[PDB]
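One file, coords-v3.cif, is given below (mmCIF, C-alpha atoms; chains and numbers go by the auth columns).
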data_model
loop_
_atom_site.group_PDB
_atom_site.id
_atom_site.type_symbol
_atom_site.label_atom_id
_atom_site.label_comp_id
_atom_site.label_asym_id
_atom_site.label_seq_id
_atom_site.Cartn_x
_atom_site.Cartn_y
_atom_site.Cartn_z
_atom_site.B_iso_or_equiv
_atom_site.auth_seq_id
_atom_site.auth_asym_id
ATOM 1 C CA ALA A 1 -0.879 -12.986 0.728 0.00 3 G
ATOM 2 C CA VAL A 2 0.304 -10.224 3.089 0.00 4 G
ATOM 3 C CA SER A 3 -1.025 -6.645 3.014 0.00 5 G
ATOM 4 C CA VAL A 4 -1.381 -5.747 6.714 0.00 6 G
ATOM 5 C CA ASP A 5 -4.894 -5.197 8.119 0.00 7 G
ATOM 6 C CA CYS A 6 -6.534 -2.816 5.605 0.00 8 G
ATOM 7 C CA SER A 7 -9.916 -2.639 7.377 0.00 9 G
ATOM 8 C CA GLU A 8 -9.638 1.067 8.193 0.00 10 G
ATOM 9 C CA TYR A 9 -9.535 1.699 4.416 0.00 11 G
ATOM 10 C CA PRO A 10 -10.347 3.367 2.325 0.00 12 G
ATOM 11 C CA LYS A 11 -8.975 6.450 4.104 0.00 13 G
ATOM 12 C CA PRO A 12 -10.263 10.019 3.780 0.00 14 G
ATOM 13 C CA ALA A 13 -6.656 11.094 3.083 0.00 15 G
ATOM 14 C CA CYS A 14 -3.113 9.665 3.296 0.00 16 G
ATOM 15 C CA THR A 15 -0.409 10.946 5.677 0.00 17 G
ATOM 16 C CA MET A 16 3.137 11.997 4.713 0.00 18 G
ATOM 17 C CA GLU A 17 4.368 8.593 5.958 0.00 19 G
ATOM 18 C CA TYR A 18 7.425 7.846 3.788 0.00 20 G
ATOM 19 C CA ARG A 19 6.992 4.060 3.936 0.00 21 G
ATOM 20 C CA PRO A 20 8.190 2.571 0.630 0.00 22 G
ATOM 21 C CA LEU A 21 6.120 -0.502 -0.318 0.00 23 G
ATOM 22 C CA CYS A 22 7.075 -2.564 -3.375 0.00 24 G
ATOM 23 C CA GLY A 23 3.684 -3.832 -4.622 0.00 25 G
ATOM 24 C CA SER A 24 3.778 -7.344 -6.155 0.00 26 G
ATOM 25 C CA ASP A 25 3.134 -5.539 -9.468 0.00 27 G
ATOM 26 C CA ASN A 26 6.772 -4.363 -9.427 0.00 28 G
ATOM 27 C CA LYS A 27 5.682 -0.869 -8.333 0.00 29 G
ATOM 28 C CA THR A 28 6.769 1.443 -5.485 0.00 30 G
ATOM 29 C CA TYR A 29 4.364 3.036 -2.977 0.00 31 G
ATOM 30 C CA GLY A 30 4.648 5.943 -0.534 0.00 32 G
ATOM 31 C CA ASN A 31 3.209 4.006 2.423 0.00 33 G
ATOM 32 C CA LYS A 32 0.670 1.409 3.587 0.00 34 G
ATOM 33 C CA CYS A 33 -1.922 4.153 3.014 0.00 35 G
ATOM 34 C CA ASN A 34 -1.378 3.903 -0.752 0.00 36 G
ATOM 35 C CA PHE A 35 -1.096 0.100 -0.468 0.00 37 G
ATOM 36 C CA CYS A 36 -4.360 -0.627 1.387 0.00 38 G
ATOM 37 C CA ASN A 37 -6.152 1.954 -0.778 0.00 39 G
ATOM 38 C CA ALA A 38 -4.631 0.754 -4.045 0.00 40 G
ATOM 39 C CA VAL A 39 -5.878 -2.608 -2.755 0.00 41 G
ATOM 40 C CA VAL A 40 -9.440 -1.392 -2.061 0.00 42 G
ATOM 41 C CA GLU A 41 -9.561 0.248 -5.515 0.00 43 G
ATOM 42 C CA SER A 42 -8.150 -2.682 -7.516 0.00 44 G
ATOM 43 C CA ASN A 43 -10.600 -4.909 -5.620 0.00 45 G
ATOM 44 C CA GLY A 44 -7.659 -7.179 -4.703 0.00 46 G
ATOM 45 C CA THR A 45 -5.632 -6.960 -7.950 0.00 47 G
ATOM 46 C CA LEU A 46 -2.702 -5.550 -5.936 0.00 48 G
ATOM 47 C CA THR A 47 -0.357 -7.631 -3.775 0.00 49 G
ATOM 48 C CA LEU A 48 2.892 -7.022 -1.861 0.00 50 G
ATOM 49 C CA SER A 49 6.443 -7.929 -2.926 0.00 51 G
ATOM 50 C CA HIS A 50 8.513 -6.614 -0.020 0.00 52 G
ATOM 51 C CA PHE A 51 7.664 -3.775 2.386 0.00 53 G
ATOM 52 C CA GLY A 52 10.206 -1.339 0.895 0.00 54 G
ATOM 53 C CA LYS A 53 11.062 0.560 -2.308 0.00 55 G
ATOM 54 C CA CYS A 54 11.944 -1.512 -5.394 0.00 56 G
#

Could you quickly redo this structure as structure tokens?
Amino acid sequence: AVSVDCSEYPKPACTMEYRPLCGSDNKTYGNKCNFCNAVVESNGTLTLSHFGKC
């Protein structure tokens, strides 16, 4: 329902951004780079739970 604009994805590489994203799958991410990509790889099987670390 909310995953920020992931149109620039997939990316050719992720940055060291330390943005913790708690995917709706009860998982933690390193940043929106791993969230939009994990979203372009799952084909949409990944959602968001709360921009932060769970």

Task: Residues in the PyMOL selection byres ((chain G and resi 32) around 8), expressed as a count of residues only - done: 11

Around segment 51-55 of chain G, fit a box with edges along x, y and z, padding it by 6 Å on each side, then list its centre and edge lengths in Å to one decimal as JSON.
{"center_x": 8.8, "center_y": -3.7, "center_z": -0.3, "size_x": 16.6, "size_y": 20.5, "size_z": 17.3}

From G:12, G:18, G:37, G:7, residue lying nearest residue 49 of chain G [all atoms listed in the file]:
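Closest candidate: G:37.
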
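Atom to atom, atom CA of residue 25 of chain G and atom CA of residue 51 of chain G stand 5.2 Å apart.
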
Ground truth for the PyMOL selection byres ((chain G and resi 39) around 10), written as a CSV table (one decimal) with C-alpha atoms, in the coordinates of the input:
chain,number,residue,atom,x,y,z
G,8,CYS,CA,-6.5,-2.8,5.6
G,10,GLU,CA,-9.6,1.1,8.2
G,11,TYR,CA,-9.5,1.7,4.4
G,12,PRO,CA,-10.3,3.4,2.3
G,13,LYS,CA,-9.0,6.4,4.1
G,15,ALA,CA,-6.7,11.1,3.1
G,16,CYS,CA,-3.1,9.7,3.3
G,34,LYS,CA,0.7,1.4,3.6
G,35,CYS,CA,-1.9,4.2,3.0
G,36,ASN,CA,-1.4,3.9,-0.8
G,37,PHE,CA,-1.1,0.1,-0.5
G,38,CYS,CA,-4.4,-0.6,1.4
G,40,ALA,CA,-4.6,0.8,-4.0
G,41,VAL,CA,-5.9,-2.6,-2.8
G,42,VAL,CA,-9.4,-1.4,-2.1
G,43,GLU,CA,-9.6,0.2,-5.5
G,44,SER,CA,-8.2,-2.7,-7.5
G,45,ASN,CA,-10.6,-4.9,-5.6
G,48,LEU,CA,-2.7,-5.6,-5.9

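For the atom pair formed by atom CA of residue 27 of chain G and atom CA of residue 14 of chain G, the distance is 24.4 Å, given to one decimal.
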
Item checked: Which of G:29, G:46, G:17, G:54 sits closest to residue 3 of chain G [using only C-alpha atoms] ->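 Checking each candidate against residue 3 of chain G, we get G:46 as the closest.
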
Could you add the missing atoms to segment 9-20 of chain G, up to N, CA, C and O atoms, and return them as a compact mmCIF listing (two decimals), in the coordinates of the input?
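Result saved to result.txt:
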# COMPACT_ATOMS: atom_id res chain seq x y z
N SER G 9 -8.46 -2.73 7.08
CA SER G 9 -9.92 -2.64 7.38
C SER G 9 -10.30 -1.17 7.55
O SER G 9 -11.41 -0.77 7.29
N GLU G 10 -9.37 -0.38 7.99
CA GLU G 10 -9.64 1.07 8.19
C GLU G 10 -9.73 1.77 6.83
O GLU G 10 -10.03 2.94 6.75
N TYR G 11 -9.47 1.06 5.76
CA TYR G 11 -9.54 1.70 4.42
C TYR G 11 -10.94 1.51 3.82
O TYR G 11 -11.68 0.66 4.26
N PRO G 12 -11.26 2.33 2.85
CA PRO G 12 -10.35 3.37 2.33
C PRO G 12 -10.23 4.54 3.30
O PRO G 12 -11.06 4.74 4.16
N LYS G 13 -9.18 5.30 3.18
CA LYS G 13 -8.98 6.45 4.10
C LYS G 13 -9.45 7.74 3.44
O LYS G 13 -9.48 7.84 2.23
N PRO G 14 -9.80 8.71 4.25
CA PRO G 14 -10.26 10.02 3.78
C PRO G 14 -9.06 10.87 3.36
O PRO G 14 -9.21 12.00 2.93
N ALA G 15 -7.88 10.33 3.47
CA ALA G 15 -6.66 11.09 3.08
C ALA G 15 -5.42 10.33 3.58
O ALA G 15 -5.46 9.68 4.60
N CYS G 16 -4.34 10.40 2.86
CA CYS G 16 -3.11 9.66 3.30
C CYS G 16 -2.18 10.62 4.05
O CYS G 16 -2.21 11.81 3.86
N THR G 17 -1.35 10.08 4.91
CA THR G 17 -0.41 10.95 5.68
C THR G 17 0.90 11.09 4.90
O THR G 17 1.07 10.52 3.84
N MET G 18 1.84 11.83 5.43
CA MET G 18 3.14 12.00 4.71
C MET G 18 4.05 10.81 5.02
O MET G 18 5.22 10.82 4.70
N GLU G 19 3.52 9.78 5.64
CA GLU G 19 4.37 8.59 5.96
C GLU G 19 5.24 8.26 4.74
O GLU G 19 4.75 8.10 3.64
N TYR G 20 6.52 8.16 4.93
CA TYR G 20 7.42 7.85 3.79
C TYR G 20 7.74 6.35 3.77
O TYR G 20 8.88 5.95 3.61
